[PDB]
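Here the structure comes first, spelled out in structure tokens, and everything after it is commentary.
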Protein chains: 2
Amino acid sequence: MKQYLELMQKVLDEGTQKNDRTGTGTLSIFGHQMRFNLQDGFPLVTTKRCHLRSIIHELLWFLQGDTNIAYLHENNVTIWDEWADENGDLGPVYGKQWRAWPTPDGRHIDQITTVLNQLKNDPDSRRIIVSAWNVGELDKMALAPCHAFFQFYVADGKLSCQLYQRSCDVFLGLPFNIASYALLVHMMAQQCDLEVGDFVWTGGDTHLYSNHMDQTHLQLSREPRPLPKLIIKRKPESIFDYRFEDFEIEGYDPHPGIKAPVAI
Amino acid sequence: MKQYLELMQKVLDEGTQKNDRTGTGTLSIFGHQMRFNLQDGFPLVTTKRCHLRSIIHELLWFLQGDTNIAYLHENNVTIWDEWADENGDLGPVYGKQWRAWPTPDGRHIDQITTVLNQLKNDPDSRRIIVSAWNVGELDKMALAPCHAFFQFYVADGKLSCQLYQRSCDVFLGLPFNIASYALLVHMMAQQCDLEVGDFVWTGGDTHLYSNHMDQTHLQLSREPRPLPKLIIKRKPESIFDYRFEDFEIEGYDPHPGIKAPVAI
Ligand SMILES: Nc1nc2c(c(=O)[nH]1)N[C@H](CNc1ccc(C(=O)N[C@@H](CCC(=O)O)C(=O)O)cc1)CN2
Ligand SMILES: Nc1nc2c(c(=O)[nH]1)N[C@H](CNc1ccc(C(=O)N[C@@H](CCC(=O)O)C(=O)O)cc1)CN2
Ligand SMILES: *[C@H]1[C@@H]([N+](=O)[O-])C(=O)NC(=O)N1[C@H]1C[C@H](O)[C@@H](COP(=O)(O)O)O1
Ligand SMILES: *[C@H]1[C@@H]([N+](=O)[O-])C(=O)NC(=O)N1[C@H]1C[C@H](O)[C@@H](COP(=O)(O)O)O1
């Protein structure tokens, strides 16, 4: 997509060298923002083929509050394999915090349920937020949340979402992250009888891994294509009742997929 | 400042009329980002006279972990009066979350010390975060945190910080927010023997109150003056040991103050 490729090019051009957690090294910038008007099309990158399969199942998995990879495996999704323990557990990552954020008194908070009720009852609220950044549970997580903090907003019958992504693997992660949140906006909009607005993406440490440079030059050599259209085929009873088969992407015409190794 | 006036004009150009919690009404956009290179000068609005004294005392108050207005009153700062209970308490707002985030297992995390040690020991970490958005304690707070989530970054010996401000009263709040975080970057940088980088400001619901419009137009008619310069006179042994008289602002030549009512 134009803004995605612009970001890639910017990291290449302006990023500074970082030694990082993984020992791989990156080129990195700090602070970026992009805006995707979801009525212009579904923001699935077209300069490499992205598999919506993994994106969809990961999102449904988050929504069901699951942090064990068994569900993902049932659906042939292997994207979380490198960080799961012997029992397939990741600890209290994304899903757990979205659906069951724990408090010291032993209670749990369902942020997604809160958000739906906020959108339906108080759409003008400036407090329609989900955080995965549960400081007190970081030490138990396989990875600290990358897509850490997000907000919804409603105007003129349209639902927008902004994500604060503290850490972004521009090549591997970002295409997924953008599509995932765009999908979520479509789902919540449907449940709330709203139209879709913008997805606003904000990055913190926004980087290209040193071992993704060939892949980056290959992708940058490619021109984007018009965005596909998301079709939701069935409206379920609640935001927690979607299934993979509910979603179709029409008019997705990508360039070929590009393979690159993940930094562990 | 140019960035600040440009934001005001962006709200005017793109914003939509929204009802709000306070019953005042706003003109609102969703999603913005701007940058202040702190080496250019200290980003205190010059197109109206701002009260650095309140800004400084508020930040020292946060850093102490305090959430009661007594200290503010002792220093003739009244900016939190409208939300405090009969005993002066705001509940577990910023200060508390910054210094003593409660974990589910009964620990407390001092996020400010955590970040200081991360910057000293592992500045290329992508996890150098402070969150005030403690989902389990929101209900106890007089207001939900506006300046909600922030991240530090280091490159070429310079400390940067990005704030995600979920809700922004552009006329009243934002000048304070920008100056407060800029001060914090300087303090943090001092403690870490770093130079200052950028403060990156990102907004969620970014708005002008209905009853700030006269004031906004007036301010927009004015040319920014040179940025003032911040001089820190002392290096305390701890980030929690700064005093009011450690800070001086030099060369601040603002246009006249502009009064406006706060929405409760
Ligand atoms: N450093 C590092 N980078 C990352 C993650 C990490 O934790 N570490 N986690 C992220 C979470 N998202 C993804 C997205 C895609 C893949 C992936 O590997 N994708 C393949 C193959 C897709 C598939 O499995 O079918 C591709 O070429 O697009 C891995 C993590 C992305 N980047
Ligand atoms: N709706 C609204 N509510 C708020 C804030 C806001 O931003 N807008 N911010 C709060 C904390 N910060 C401030 C910052 C500035 C002011 C303010 O009122 N400032 C005046 C008067 C300052 C003074 O006391 O001298 C000014 O002219 O700058 C009040 C609360 C709490 N609630
Ligand atoms: C992390 C990620 N995730 O773990 O789910 C995601 O959704 N997107 C990412 O881009 N992502 C990246 C950022 C970074 O390259 C690593 C995480 O490492 P740390 O920043 O060191 O935690 O994965
Ligand atoms: C809130 C605020 N604070 O309460 O500390 C701050 O520091 N900056 C603000 O701009 N600020 C504003 C945003 C909004 O106009 C109100 C808070 O109201 P809600 O968004 O309804 O919670 O204060």
Side-chain angles (χ1 to χ4, degrees), chain A residues 20-22 24 26 28 45 48-51 53-55 58 62 72 76-83 90 93-94 126 132 138 141-148 163 165-181 203-209 211-212 215 257-264, chain B residues 20-22 24 26 45 48-51 53-55 58 72 76-84 90 93-94 122 124-128 142-143 145-147 165 167-177 179-180 207 209 211-212 215 257-264:
Chain A
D20 71 298
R21 176 179 60 77
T22 74
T24 306
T26 69
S28 170
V45 320
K48 76 180 188 192
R49 181 156 242 124
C50 292
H51 289 138
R53 174 177 182 152
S54 275
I55 296 165
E58 185 195 40
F62 292 158
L72 293 181
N76 301 141
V77 172
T78 62
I79 64 177
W80 275 98
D81 286 2
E82 282 83 352
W83 307 273
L90 289 162
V93 300
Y94 302 105
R126 299 178 293 230
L138 293 168
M141 293 180 196
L143 248 22
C146 297
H147 47 106
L163 169 64
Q165 182 160 353
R166 60 126 191 129
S167 184
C168 179
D169 178 336
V170 168
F171 180 81
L172 286 179
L174 185 54
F176 266 51
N177 292 125
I178 295 165
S180 183
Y181 281 89
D205 186 318
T206 302
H207 53 265
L208 288 166
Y209 283 98
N211 61 352
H212 290 176
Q215 293 90 163
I258 300 169
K259 301 289 190 151
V262 70
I264 298 177
Chain B
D20 82 299
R21 174 184 63 79
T22 72
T24 308
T26 71
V45 161
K48 73 188 187 188
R49 180 176 289 281
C50 293
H51 200 253
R53 186 171 220 98
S54 283
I55 295 163
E58 186 192 39
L72 298 176
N76 298 325
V77 177
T78 55
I79 60 166
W80 275 101
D81 288 3
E82 281 82 355
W83 304 275
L90 298 160
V93 299
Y94 302 103
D122 186 22
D124 281 339
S125 172
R126 300 183 288 229
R127 301 161 179 200
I128 311 182
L143 295 169
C146 293
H147 49 107
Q165 183 161 344
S167 184
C168 179
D169 174 343
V170 167
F171 183 82
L172 283 179
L174 184 57
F176 271 57
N177 296 122
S180 187
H207 53 267
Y209 281 99
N211 66 351
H212 291 177
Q215 292 95 153
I258 303 167
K259 292 172 176 181
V262 74
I264 295 165

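Start at 1 and go down the list; that is how both ligands and their atoms are numbered. Proteins get letters first, then strands, A, B, ... in listed order; numbering begins at 1 in each. Below, all heavy atoms of this structure are taken into account, side chains as well, without hydrogens, waters or symmetry copies.
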- prompt: Which ligand 3 atoms does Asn177(A) reach within 4.0 Å, using its non-hydrogen atoms?
  reply: 6 (C), 7 (O), 8 (N), 9 (C), 10 (O)
- request: Within a distance under 4.0 Å of any heavy atom of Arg21(A), pick out the atoms of ligand 3 and give their elements.
  value: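 What qualifies from ligand 3 is 17 (C), 18 (O), 19 (P), 21 (O), 22 (O).
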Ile264(A) to ligand 1, any heavy atom closer than 4.0 Å: no
- prompt: Does ligand 1 have any atom sitting under 4.0 Å from a heavy atom of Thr22(A)?
  reply: no
Polar proximity ligand 3 side, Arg166(A) side, N/O cut 3.5 Å exclusive: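 Yes, there is a polar N/O contact under 3.5 Å.
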query: So, the side chain of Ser180(A) versus the backbone of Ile178(A): is there a donor-acceptor pair under 3.5 Å, distance only?
result: no
field: ligand 2 N/O within reach of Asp169(B) N/O, cut-off under 3.5 Å
entry: yes
Nearest option to [atom], as decided by whichever heavy atom of [options] sits closest:
{"atom": "atom 9 (C) of ligand 3", "options": "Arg127(B), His207(A), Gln165(A)", "result": "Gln165(A)"}
{"atom": "atom 14 (C) of ligand 3", "options": "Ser167(A), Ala142(A), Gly173(A)", "result": "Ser167(A)"}
{"atom": "atom 6 (C) of ligand 3", "options": "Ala132(A), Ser28(A), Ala148(A), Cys146(A)", "result": "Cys146(A)"}

- prompt: Is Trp80(A) near ligand 3, meaning one of its heavy atoms is under 4.0 Å from it?
  reply: yes
- line: Here the gap from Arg53(B) atom CZ to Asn76(B) atom CG, rounded to the nearest 0.5 Å, amounts to 8.0 Å
statement: With heavy atoms and a 4.0 Å threshold, my read on which part of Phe176(A) contacts ligand 3 is neither
task: Identify, by atom number and element, the atoms of ligand 2 in contact range of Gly173(B), meaning under 4.0 Å from any of its heavy atoms.
output: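 Answer for ligand 2: 7 (O).
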- prompt: Is at least one protein non-hydrogen atom found at under 4.0 angstrom from atom 24 (O) of ligand 2?
  reply: yes
task: Please check if a non-hydrogen protein atom sits closer than 4.0 Å to atom 30 (C) of ligand 2.
output: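 At least one protein heavy atom is under 4.0 Å away.
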For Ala263(A), atoms of ligand 1 separated by under 4.0 Å from a heavy atom: 1 (N), 2 (C), 8 (N)
query: Hey, what's the ring geometry for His147(A) with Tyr94(A), parallel, tilted or perpendicular (30° and 60° as the breaks)?
result: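 The arrangement is parallel - the two ring planes meet at less than 30°.
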